[PDB]
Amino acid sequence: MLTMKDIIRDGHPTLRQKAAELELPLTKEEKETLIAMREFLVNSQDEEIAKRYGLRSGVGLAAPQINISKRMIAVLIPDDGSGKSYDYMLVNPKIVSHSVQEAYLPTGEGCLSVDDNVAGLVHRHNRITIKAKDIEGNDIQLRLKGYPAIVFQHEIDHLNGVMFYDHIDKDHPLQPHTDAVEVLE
């Protein structure tokens, strides 16, 4: 069972490397890793388990964040109210197209690997199309908009050694770009 002790923190070299593409099929160990990544997210969202193991609640996890420099991510976004929910373990995910129009969470973003909150808007594409493999090497193509698009972009960033605060404007951290879409958490 993964817990916070498995999450490496900002400053660790692995978070700034470019993660390696997976060979398909995955090894048993790689499959177990990705399953445990998803399981971390599940536990972090269970009030009781999270309390018992001091888990910070999360909706996304990238393998580099547990010091595994591989292009695997997990995303677990529970139902918001619209009936839409996201439960994906992706191998070699790639953004193949996206909107010109941007979006941002009005609070900025946070990160499991980052202890202190960083104020500032993180502009991302409002819509994206992702191609990936699943855990069994089958094909997945996702069309995502708004909140889940933001989360996936955040996770994919980790695989290229990019941190959310890299996107924050130094001089005007809280000024939205013209026409950018405010996304409700």
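When you see a residue number, it is the position in the sequence shown, counting from 1.
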query = Between 61-69 and 47-55, which has the higher average C-alpha B-factor in the PDB entry?
reply = 47-55
key: Mean temperature factor over C-alpha atoms, higher-scoring stretch between 144-152 and 116-124   = 116-124
Residue 98 by Cα B-factor - lowest, middle or highest third of the modelled chain = lowest
task = Check where residue 92 lands among this chain's C-alpha B-factors and tell me if it's the lowest, middle or highest third.
result = lowest
